[PDB]
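Numbered per the authors' numbering, the sequence shown spans residues 7 to 380, 388 to 393, 395 to 404.
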Amino acid sequence: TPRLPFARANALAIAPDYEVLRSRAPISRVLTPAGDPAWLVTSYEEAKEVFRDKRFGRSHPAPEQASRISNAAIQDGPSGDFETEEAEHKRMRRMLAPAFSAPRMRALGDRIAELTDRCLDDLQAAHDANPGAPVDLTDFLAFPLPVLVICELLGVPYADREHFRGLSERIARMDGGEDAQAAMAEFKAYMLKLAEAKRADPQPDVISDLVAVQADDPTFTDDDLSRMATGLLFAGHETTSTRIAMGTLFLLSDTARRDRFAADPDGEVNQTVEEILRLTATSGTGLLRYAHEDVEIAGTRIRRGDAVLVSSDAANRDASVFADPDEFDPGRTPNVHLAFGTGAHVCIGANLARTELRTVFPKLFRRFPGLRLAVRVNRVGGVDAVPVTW
Ligand code: HEM
């Protein structure tokens, strides 16, 4: 039985195991990092189907009987009450709608531009301080930028950015240790201090939105509020960071690609970002669902209670949908992909993520015309270094 995570030989490639499994069945039995059996979906059509099929949810009817995936913060095992999941999910999407609305995204887009400029300043200063040496674009740009965007999204006071990033770094390990466990308490406590700050002076940010939800709905507790804020950090930081890093690696690993983008960044950026999203593959597992009844799909009998891991990474390389699927081709004319999922759980931050990526790459290649480059994905798995010079 195949055992996740699958191995690969270089950062830009996808693990070869997925195509081996896909060629035999769209849905295959695998073992998770936690050692339990799950179905892995590797084809585009079946992944799309599971994403859109309400018979698969995040909850499990009898969670004690369920396969575990890992010990990660999210996408790790059963989540939420089975009887109430759809209602709770609808309530979550509604409460976060203001935060991702167009006026809020207009403001955040301006802050993203400014934050990008400041990160590129740090990259240039590191290069000037160590002339002749590569500098790590991940350290100065890919890793910090999306967590600073999360600060602006949540409403973290400017003076606290370092404090916040320190707490997040300690909970981001997901290692179950004693430090990480006390860091989660300190982090949730910090979320609750900020909630009181927003009650004093409401702002156009997520924490203010969530205290407004509480004043109209006493069932939404401080723990619910701090859990939601914590979950946006997990969902929105390293995901985005790895696409900045890996997208830079795609563009720099073939000079012709770099030069095409650099020659017309404003014209090329939308389609370039979509191809980065299609090809970047960093998952150790997949997007987690449990069957809420027996479901037959593509000749596989998925029984009630079974774990299903949807591999968007693998779905996005299905050769029946994307010809030459391992080739980086920003001109792919239909380039709908499942990097953000689809259906009811489609990434609520997709537009924010696209705004981050679409802002960074034109600024990066305008600022640094000479820019050039100098084995398994972890559930927790950090962002690869991208050493560059110019
Ligand atoms: C920009 C910051 C981001 C934020 C704040 C964010 C937030 C979220 C949230 C709250 C969800 C859950 C939606 C739901 O269950 O209704 C979600 C789902 C999702 N996100 Fe994001 N996200 C961000 C960026 C990204 C990036 C860059 C990617 C990868 C290219 C990504 C991939 C996904 C996927 C695949 C799902 C679906 C998970 C599932 O079906 O279980 N997200 N995101």
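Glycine included, C-beta positions come from ideal geometry on N, C-alpha and C.
Beta strand (DSSP E) segment containing residue i, residue limits
i	result
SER326	From DSSP, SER326 is part of no beta strand (DSSP E); its letter is neither H nor E.
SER34	33 to 37
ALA297	293 to 297
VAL316	313 to 316
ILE303	301 to 303
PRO401	401 to 403
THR306	306 to 308
Whether residue i touches residue j by CB criterion (9 Å)
i	j	result
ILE33	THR306	yes
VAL400	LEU258	yes
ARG323	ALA13	no
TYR50	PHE328	yes
residue 433	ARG373	Past the edges of the chain, shown from 7 to 404, lies residue 433, and the structure says nothing about it.
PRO43	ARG392	no
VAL366	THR122	yes
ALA72	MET180	no
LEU114	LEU358	yes
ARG310	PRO84	no
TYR196	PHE226	no
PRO375	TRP404	yes
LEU283	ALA313	no
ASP215	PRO104	yes
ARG110	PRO210	yes
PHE334	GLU299	no
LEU160	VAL219	no
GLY63	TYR296	yes
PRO163	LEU200	yes
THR48	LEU27	yes
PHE146	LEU173	no
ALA31	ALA304	yes
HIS243	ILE354	no
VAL301	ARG112	no
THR278	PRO336	yes
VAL342	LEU143	no
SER65	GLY86	yes
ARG264	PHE88	no
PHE106	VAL352	no
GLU158	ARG124	no
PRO208	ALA380	no
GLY182	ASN77	yes
The alpha helix (DSSP H) enclosing residue i, as first and last residue numbers
i	result
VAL26	23 to 30
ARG266	261 to 269
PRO368	356 to 373
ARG233	228 to 242
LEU200	184 to 206
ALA221	212 to 222
The stretch 350 to 362 / the stretch 242 to 260 touching (three or more Cβ pairs under 8 Å): Yes, the stretch 350 to 362 is in contact with the stretch 242 to 260.
Continuous alpha helix (DSSP H) assignments of at least 4 residues falling wholly in the stretch 93 to 168: Unbroken alpha helix (DSSP H) runs of no fewer than 4 residues, entirely contained in the stretch 93 to 168, are found at 108 to 135, 150 to 160, following chain order.
Stretch pair the stretch 317 to 331 + the stretch 288 to 300: three plus CB contacts closer than 8 Å: With three or more CB-CB distances shorter than 8 Å, the stretch 317 to 331 counts as touching the stretch 288 to 300.
Contact between the stretch 344 to 352 and the stretch 220 to 232 (3+ Cβ pairs under 8 Å): Judged by Cβ distances under 8 Å, the stretch 344 to 352 makes no contact with the stretch 220 to 232, as fewer than three pairs qualify.
Entirely enclosed alpha helix (DSSP H) segments - the stretch 40 to 79, minimum 4 residues: Runs of the alpha helix (DSSP H) inside the stretch 40 to 79: 50 to 58.
Sufficient close CB pairs (3 or more, under 8 Å) joining the stretch 253 to 270 to the stretch 151 to 167: Judged by Cβ distances under 8 Å, the stretch 253 to 270 makes no contact with the stretch 151 to 167, as fewer than three pairs qualify.
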